[PDB]
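Only one structure is covered here, and it is reproduced in the block below.
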Amino acid sequence: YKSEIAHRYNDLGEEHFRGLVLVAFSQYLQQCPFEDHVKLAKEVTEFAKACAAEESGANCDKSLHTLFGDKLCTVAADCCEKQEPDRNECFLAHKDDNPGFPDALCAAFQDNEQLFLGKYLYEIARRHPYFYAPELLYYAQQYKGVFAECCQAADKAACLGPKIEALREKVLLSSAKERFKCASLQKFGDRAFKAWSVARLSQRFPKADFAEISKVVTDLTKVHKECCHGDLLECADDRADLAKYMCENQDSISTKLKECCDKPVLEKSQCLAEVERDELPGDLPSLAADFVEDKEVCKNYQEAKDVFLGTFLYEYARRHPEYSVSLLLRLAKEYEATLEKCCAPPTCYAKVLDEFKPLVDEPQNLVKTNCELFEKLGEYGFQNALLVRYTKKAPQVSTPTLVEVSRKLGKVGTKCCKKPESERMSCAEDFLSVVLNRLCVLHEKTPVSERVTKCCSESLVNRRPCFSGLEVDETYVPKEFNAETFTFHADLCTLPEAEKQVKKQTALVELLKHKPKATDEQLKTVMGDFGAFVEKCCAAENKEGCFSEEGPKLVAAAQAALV
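Using the entry's author numbering, the letters of the sequence shown map in sequence onto residues 3 to 78, 88 to 113, 121 to 362, 366 to 584.
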């Protein structure tokens, strides 16, 4: 109350506080030295620590942003002269996503652990300026755990290799997901998120009353709202409080929550987040009897629209674990929109009930078909298919972007396509919702396609629908073949396959940018000839060298195949 920095210092603790501040500066500035950030992060916590004792020390009276902003502005800047709650908005809009940035280690673990774990937070945070900081702290203590497990062992890279990567992937995905959440919260607004979380947790927690879930969602909303606005201390704190509340009344929400609440701190906050769904109790009326069969649905709808629709979202969501969170939201939107029409008459909205079936069917078909295809070519070929696809869809977009997001798109198949069929559609699009966001978040700063920004700006829920039905773009004026995109290097055959695939794919994107209306076979030819070219020349020893025949044999064969 009387001192907020002291409040958060008291509630969170010095270490988590310090870490969180370090993250804050890392995310906000991104561009500065590590030590320079540990300096500030060190000095702020001392002020906090002093004011945890003496709450009436000067400047401890202030709000967190008031201090934080001025203390930012001390760092050697048009953003700093707003000196209003707009400080942040400037500081927040100026956050660079896609910013660049590319026993010896363990020796430093024992020497200066806190520093070692600090730099992790720094590195991760500056890459991902919208990271769920608490989660990042969890990942930090995991990072602590790794070397403890492996650094005091005979073989290092064996037990260190896979676990670092395994952690890393889970860092990446986390970043992406939090970015989606905050994207909804900032670009689209409260209710979108406050609709999303309902369906999500309604799936997750059936038995739960709509009221209980409503509270949980309100709280979660608060947490992420402040968390992704730069209010990281409050986010962490309220997250902890939320987990407390969740674990307390578990018997009122879910049976499976017992496992998590025995953790120490951040751990239950993670378990809970990654706990699965309790058994649906049914029971369960028709769902027709009320929101369809009833003559009073509209009388009840008009009294409280958002409650009614929220209740419909709850009721429908819990009964269908197999539906994607996006789908259910589209169904809720359809229901609402029809209720806005049918209403101001139980004879019309007796037909809304199956207007869903198409909306349910299109995704299902999409997922099954793309999975069918996935089983055919595997991840790589799936990525290439999606690559060609999205190059056709949005050929004005940056190549490296079009590569990245297509790989991310294809990886979905590896995540959630070998699952039980019943589980395929739910996952596939939940992540698609995450991957797609990044296509646009990357597209916002540098926009070049009306259809992409439109698609991603119109509706939070109808993003995939717009992205899959997006036809081939004929407005696009294809550029002539530049010989330099097809200039190559000996290294090509020295490279690791993993980073070789990118080299193969970038060219394919660049290939379609020249002829977007190309055919399956037509591309297959050049994909064969490219192979032919690299294998003859790279095996050609004294090469290359041989690559000096780059054009006259390959491109001078490729452009013909593409007529």
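Virtual Cβ for every residue (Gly too), placed ideally from N, Cα, C.
How is the alpha helix (DSSP H) around residue i delimited, first residue to last?
i          : result
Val46      : 36 to 55
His9       : 6 to 14
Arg459     : 445 to 466
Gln160     : 151 to 168
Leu583     : No alpha helix (DSSP H) holds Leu583; DSSP gives it neither H nor E.
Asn318     : 315 to 321
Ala122     : First-last for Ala122: undefined, no H or E at that position.
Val523     : 518 to 533
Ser489     : 484 to 489
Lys212     : 208 to 222
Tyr263     : 250 to 266
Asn99      : 97 to 104
residue 87 : For residue 87, nothing is modelled; it lies in the interval where the chain passes from 78 to 88 with no residues in between.
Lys243     : 228 to 245
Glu376     : Per DSSP, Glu376 belongs to no alpha helix (DSSP H) and is neither H nor E.
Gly552     : 541 to 559
Quick one: grab the DSSP three-state call for residue i.
i           : result
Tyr138      : helix
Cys361      : coil
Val381      : helix
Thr68       : helix
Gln417      : coil
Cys62       : coil
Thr435      : helix
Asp296      : coil
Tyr353      : helix
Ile271      : coil
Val310      : coil
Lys429      : helix
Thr496      : coil
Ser304      : coil
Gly328      : helix
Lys181      : helix
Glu131      : helix
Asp512      : helix
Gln94       : coil
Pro367      : coil
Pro282      : coil
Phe19       : helix
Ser192      : helix
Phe507      : coil
residue 586 : Look at the range of the chain in this structure, 3 to 584, and you will see that residue 586 is not part of it.
For a cutoff of 8 Å on Cβ pairs, would you count residue i as touching chain D?
i      : result
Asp301 : Here there is only one protein chain, and chain D is not present.
Please confirm whether any heavy atom of the ligand GTP lies closer than 7 Å to the CB of residue i.
i     : result
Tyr30 : For the ligand GTP, the structure offers nothing, since it holds no ligand at all.
query = Should the region 421 to 430 be called in touch with the region 397 to 408, which here means at least 3 C-beta pairs below 8 Å?
reply = The region 421 to 430 makes contact with the region 397 to 408; the number of CB pairs closer than 8 Å reaches 3 or more.
Three or more beta-carbon pairs under 8 Å between the region 445 to 462 and the region 501 to 513, yes or no? Segments in contact, no.
Kindly confirm or deny that the region 305 to 323 and the region 262 to 279 touch, where touching means at least three C-beta pairs closer than 8 Å. Touching, no.
ask   = Would the region 319 to 333 and the region 221 to 233 be scored as touching if the rule is three or more Cβ pairs under 8 Å?
value = The region 319 to 333, when compared against the region 221 to 233, does touch it at the 8 Å Cβ threshold.
Spell out a yes or no on whether the region 253 to 269 and the region 205 to 216 are touching, meaning 3 or more CB-CB pairs, one atom from each, closer than 8 Å.
By the C-beta criterion, the region 253 to 269 is judged not to be in contact with the region 205 to 216, since fewer than 3 inter-stretch pairs fall below 8 Å.
_Using 8 Å as the cut-off, can you tell me whether the region 386 to 399 makes contact with the region 490 to 498, which would need three or more C-beta pairs spanning the two stretches below that distance?_
They do not touch, by the three-pair rule.
Sufficient close CB pairs (3 or more, under 8 Å) joining the region 135 to 143 to the region 32 to 43:
Cβ pair count under 8 Å is three or more, so yes.
Closer than 8 Å is the cut-off here; do at least three beta carbon pairs connect the region 192 to 206 with the region 141 to 153? In short, these stretches touch, since the Cβ pair count reaches three.
Using 8 Å as the threshold, is the region 12 to 21 in touch with the region 57 to 71, meaning 3 or more CB pairs across them?
-> Output reads no: the region 57 to 71 does not touch the region 12 to 21.
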